[PDB]
Ligand SMILES: *[C@@H]1O[C@H](CO)[C@@H](O[C@@H]2O[C@H](CO)[C@@H](O)[C@H](O)[C@H]2NC(C)=O)[C@H](O)[C@H]1NC(C)=O
Ligand code: CUO
Ligand code: CUO
C-alpha cells in the first residue's frame, strides 16, 4: 500500500529477471534453502532440510534469507526493497501484485524439481493484531520468538492450504513469490520489537537466552557454496541482530497507527485488564497441521513442518489468550473449565490426537 | 481538553462552564467544590489530618510549586468536565495590560438565556464552609496598584515573567516564576483576610483556578522554550523533591477521590502534561510573541549589562508586601514592590536561590551609576499591615550580570507568526500602519500597488502576445487557494521588507463581528507623537490605472446567531471542512470566502465587491490571511484524518502548471519564494516552504480535534442537501 | 464474475480525463489528445448529442475516460503527472456534426484525475 507507480512497475521485471538467472541459483538455488531440495547433511551426510525455524535463531536465518533473496534482485532495478504487507491489518482479499492473472511475476513460481508452478488455496478487530501484539508485549527475546514464530506460520498455514506444492508446506513454500513479501513483514515485526526494547532499555541487538545457539553458524549461509559474501559474514546468530548493517530500512516501524512510544502505551493499556492464557508445548512432527481450540471456540493456531526437517522442541510455552471465551461462558477463571482442542493436518485429514500433551491454563493480572 | 483565554470564550462556552461550576459548587460533598478548595490551604490537612501538628498542604518556596498546583488545576478541570463543560479550565493573561478584572469573574450576576432569569455568578464569590460563619470570600480590595506604580518597562507582571523565561536552569526559572505570580495574589486580595491575600483561604475564591490555569500555561511555555533551547526541562536542581508524594493528593480514597491526580501524586511523570494529564492550551504565545519569537526578546534582553536587586525569600507566617527603594543620595527612589504569600499555618518554606529584581532603570532615572554608593530601603507592610519591621526578611543584595550571548544567527530569519488584528496592541498597530505607508508609498514594481494589481486587468495571460485580455487572478476555481496563498504572501513579504518583524495578520469572521477591526475602520489614527491620517488601512488607496480611492461601504448585517447555532459563515466552513478530497472542499471553501468580499463590498463598484478592484482595499490582506488560515486548518484536519494534506489528486492540469503572474520572473515581482514555489504543488506545504506558522488553527472556539468530532456528529444526522452548479458571470451576484 | 473484474480494476492505479459537458445547441464529437513534448497522440474520443431545438442541459459532474493504458504506451509513468519538471499537457480537438466545422472550444478543458488503488 502507498506504492506509487511505477514503483510497482520496476519490480515485476526484477522478479522476472531472476526467474532464471539461473546460474548463481539463479533463483532455484535461492529457493532450495527453505524449500524441498536438500540443503545439508548430518555428518552421516543424510539429507536435512536446512530450515532454521523452530529454534530461537529463527529470525536471523530468514531476515537474512530475505537478504539473499533481496540481494538477488541486485542492480536489476532492484531500486527498492521487497515490500511487506501487514497481514495484521484486517483484509477482505489478497494483495494485487500476487493476484493479477496476466503478465505478472508474483502469481506463481515454478519448480524444476516438480515440473509445476505453485498452487495456493486460501482458506477463511483483527485476529493477527491480537496475536502479534502479545508477542510485542513480551520482553525476553526467547519468550517473544515462540509467539513470533507461531504468529508467523499461521499464514503459511492459511495461504497455502491443501496443496503439497504450496505455502502450507515446508517443502516447496520458499518457491512462491508470496513468501518473501509475507516476510519482509515478519522481519518488520521483529524490527519493531527491537525498537520497542530499545525504548525500554532492554537488550535489542543482543540476547541473553540462550547463549548456546546464536553462535552455531548457519547453513546454507555458512556453506562455502553461497556465492554472496555478505550473508556468510553474518552467517552467525549474533551478527544478524543488528539489521542495520544489511543495509536496509523499513519505511516506518510503526504498528498500524502507533508511535513506538505510542505502542507501549497501548500494550501497557491492554495490560491493565487481567487476562487468562493457555499455553501448549509444541514439538516437531513431520507433517504440518493447524490446531483448533475449545472449552465455545477458543481456537486457533498453526504449526509449520515437513518431511526431513530437523526436529525441534520449544523451550517455553506458547500462549493464547482465551479470556473472550470465558466471558462467552460467563466464567470467572474461578469456576473451573475443560479446555478442549482439535488438531487438523494441512492435507484434508485428519486431526490426530496429541502428540501434544495437555494444555496448562494460567492467569495474568491485572 | 482545551484550556482557553477568558476573552476567547463564546457566550455558549461562558454559560456552559458557569452551569458546570454552579453545579460543582452549589452542592457539597467530599467530591464537591469545598473539599477541593480545601486541598490548597487551611483546613491544614498535612502531613496528615492526624494529629497534633498540621500545616497547609500546598507547596511553595520550592521547585515543586508548579508541579503541585498543576495537579490541583487538573482536579478542578476533571470536576467541571464531569458536570458538563466541554472546555478545560480557562486562563486569563495578567501579562496582558489590564485595568480591571474580566467580566467572567467580575460580574455579581448574569442572565440565563433559556430561563431569562438573573442568578448569582459562581465565579464572583464562593462560600467558605469549614467555618460556620460564612460566606465569606470577598476579593473586593485590590492592592496598589494595577497599571502603576510597579516597575515597569512595562507591565509589572509581564517583565518579571520575561526574566523568568530567560533562565536556563529549572530552579533559576522557578524563583522568578513563583514570586512574580505571588504579586497578583496579594494584589487582588488586598487587606481582606480572605480571597487570595492569605495563603489560607486563597483557593476558595474561584479566581484562584482561572489564575493558576494561567500559571500552569506559563510553565508549559517555559517548557517549550527549553526544548527549542535544546536543554533539559525537568526539575533536576531539586531531584529528591520530585519523588516526594504531593501532600494532599497522594492521600487514600477517603481524603482524595481523583484517580488521575493520585497516580501522578509523584510529579516525575507530570511534565508531559498532554500525554499524562490529557489537556492543552489554545496558544503558547507569550505576550504577542510566539515561542521562537519569545527567545528573541530574551536575547535582546540578555545582551545588556544588567544589575539586579536579589531577595532571599523565606517563610514569615503572615503574607506581606515589601516596597523597594533605591537611595543613592538624599531622598530615595521607588523601584518596585514584590509580594511574599503566606499564612499562620503555612508549611515552613525557604528558597535555595535568590529572587532577582531588575533595578536597572531605577539607576538611570536617578542620575546614578551602577557602582555609586547607595543603600536599598525596604518597608515591609503586612497585607493586614500593621507594617512589618524591615528585618522580617533578610536584606536584599545587588547582583551584576554582564551581556552574554552570540547564539545568532537564527533560522527564524525567515519565520513569521500571523495573529488577529482584533487582538493587536496599539504599539503593534502603529508599527503596522507606518510599515504599510512605505508599502503604499512605492508606486512601481516592489510596492503595494503591484501586488494588488495582480487582481487587475494588466495582461500577463497569455504573453508576450495576448490577443484578447482578461484579469490574471487565479479562479476557476481549483487553484484559488494556492494563488491567494502566494498573494497573501506577497502582501506579507513586501510589508516585512518595510520595517516590520511580524507576519500578515487576519481576522476571524467565522466568529460574530460588531464592527471591522480597530485597525481598519478609522480614517485617522494617533501615533506616539500624534499624527494626521496616513491611514493607510482605511479603504483609501490609489489605483494608478483607475486614479481613485477604493472606497468600501459596509452592508446591513452581520449578526444573526442565537444561542443555539453558529454564525452562518461558521456553518459554511464546517461543511467545507467536512470534505475528503481537495476539490469538493475547495468549492465550498471559497464560495464561503466570497461572502465578505460582498459584505464589506457595498453598492460601490470600486470596493472589493468586484474581484478586479478587490485587492486595493488592505482588509483583503486580513481577509485572505484568514482565508489562508482556514485552508491551513483543513491541512491539519487531513493529517488528523489520515488523508492527503500537502498534496492533491484532482485537477492536476492546473495544479502542475505555474501561476500566470507569479511565474513571470524576475522583472515583475521581487519575492524569492513565490518565484521558486509558483507551482500549486509546491505551495501546498506552507510550513517548510514559506516559513510561517499561524496564531491558532482553532475555528470558532473549536480546536481541530473537537472540530473533527463536530464534523462527525453532524455526519451522523440524516440530512438533505441542495446543490448549485455555478458558472462565471461578469456581475458580482447575490443568490438567495 | 462482473463484480469480480470490477473490484479487480479498482485495485490498479488509474488515470482519468474529466469532461464537464453541456448542450451546445448542436451535436458534436470530442477528440482527446494528450501532448507530452507537443508530440500528440489520439488518446480517446467523446460524443455529444444535441439539436437546433434542444433542452439546455448541464451535467451534475464530469464524465470520466481513463487514459491509464494510453499513458503506459507513451511510457510516461503516473508519477510524472505530478512533476512540473516533466512535460505533459492535455488538448482537445472539438469537431462538429456537419464537418468540420470546427467549433471554437465551447467545452471546458479536461482535468487529470489520479485514482490510487485500494
Ligand atoms: C497582621 O499582622 C501582624 C504582624 O504580624 C500580626 O501580628 C503578629 O501576629 C502573630 C500571631 O499571628 C504574633 O505571634 C506576632 O507577635 C504579631 N506581631 C506583630 C508585630 O503584631 C497581626 O496579628 C495581624 N492582624 C490580624 C488582624 O490578623
Ligand atoms: O500559589 Cu499556592 O498560591 Cu498561587
Ligand atoms: O481573491 Cu481572487 O479574490 Cu478572494
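Remarks
- Chain B: relative contact order in percent, alpha carbon pairs under 8 Å with at least 6 residues between: 11
- 10 Å Cβ neighbours from other chains, averaged over peptide A:92-101: 2
- Mean Cβ neighbour count within 10 Å, used as a protection proxy, ranking B:47-58, A:3-14, A:177-188 highest first: A:177-188, A:3-14, B:47-58
- Taking a point 7 Å out from the Cα of residue B:401 in the direction of its Cβ, the residues of the range B:290-321 whose backbone N falls within less than 17 Å of it are B:294-313.
- Contact order normalised by residue count of the range B:556-603, Cα under 8 Å, 6+ apart, percent: 24
- For the range B:407-515, the square roots a ≥ b ≥ c of the C-alpha gyration tensor eigenvalues yield an a/c of 1.5 or more together with a/b exceeding b/c, which makes the shape prolate.
- Computed per residue of the protein assembly as shown from DSSP H runs no shorter than four, each worth -39500 (n - 2.57), the mean residue ellipticity at 222 nm is -9500 deg cm²/dmol.
- Counting only the Cα atoms, the range A:1-160 fills a convex hull of 152 Å³ per residue.
- Computed over the range B:485-632, Kirkwood Rh from alpha-carbon pairs, angstrom: 16.7
- Between helix B:156-166 and chain B: long-axis angle, C-alpha atoms, 0 to 90°, nearest 10: 80
- Over all pairs of different C-alpha atoms in chain A, the reciprocal of the mean inverse distance, the Kirkwood hydrodynamic radius, equals 21.4 Å.
- Nearest 10 degrees, 0 to 90: helix B:480-497 Cα axis against chain B principal axis: 60
- For chain B, the longest principal axis of the Cα atoms and the long axis of helix B:582-599 meet at an angle of about 90 degrees.
- Computed log10 I(q)/I(0) for the range B:287-424 at 0.11, 0.13 Å⁻¹: -0.60, -0.77, from the Debye equation with unit scatterers placed on every C-alpha and solvent omitted.
- Just so you know, the averaged projected area of the alpha carbon convex hull for the range A:210-251 sits at 3.5 nm².
- Cα centroid separation - the range A:155-191 against the range C:42-66, whole Å: 50
- Separation between Cα centres of the range C:22-36 and the range B:1-79, rounded to whole Å: 71
- Burial order of peptide ranges B:679-691, B:368-380 (average beta-carbon count within 10 Å, highest first): B:679-691, B:368-380
- Where N is the number of residues in the range B:1-154, Cα Rg divided by 2.2 N^0.38 Å: 1.17
- Pairs of Cα atoms nearer than 8 Å and 6+ residues apart set the relative contact order; for the range B:325-387 it is 47 percent.
- Sorted largest first, extent of the range A:67-193 alpha carbons per principal axis (Å): 44, 36, 28
- Gap separating the Cα centres of the range B:119-195 and the range B:283-308, nearest whole Å: 23
- Overall Cα dimensions of the range C:56-103, principal axis frame, Å, largest first: 38, 28, 21
- Estimated from the Cβ-Cβ distance and a Förster radius of 45 angstrom, the FRET efficiency linking residue A:41 and residue A:123 is about 0.80.
- Overall form of the range B:584-736 per C-alpha gyration tensor (a/c, 1.5; a/b vs b/c): oblate
- The shape of the protein assembly as shown can be summarised by an equivalent ellipsoid whose semi-axes, obtained from the alpha carbon gyration tensor, come to 60, 48, 29 Å from longest to shortest.
- Note on chain B: the C-alpha convex hull projects to 35.8 nm² when averaged across all orientations.
- Peptide C:73-81 is shielded by partner chain Cβ atoms: per residue, an average of 3 of them sit within 10 Å of its Cβ.
- Antiparallel DSSP beta bridges within chain B, percent to nearest 5: 80
- For the range B:66-142: rounded, prolate or oblate by the Cα gyration tensor [a/c cutoff 1.5]: rounded
- Cα-based radius of gyration for the range B:212-364, normalised by 2.2 N^0.38 Å, reads 1.32.
- Mean Cβ count within 10 Å, highest first, over the residues of peptides A:204-210, C:103-109, B:658-664, B:593-599: B:658-664, B:593-599, A:204-210, C:103-109
- Convex hull volume of the C-alpha atoms in the range B:366-448, normalised per residue: 291 Å³.
- The mean count of C-beta atoms from other chains within 10 Å of the C-beta of residues in B:677-689, rounded to a whole number, is 1.
- Two-decimal ratio, chain C, of alpha-carbon radius of gyration to 2.2 N^0.38 Å: 1.20
- Over the range A:255-326, all Cα pairs binned in 5 Å intervals from 0 give whole-percent P(r) values of 4, 12, 16, 15, 16, 16, 12, 7, 2, listed from short to long.
Here the Cβ is made from the backbone with ideal geometry for all residues, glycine too, and neighbour counts use every protein chain on show. Since every read-out is calculated from the coordinates, none of them should be taken as a lab result.
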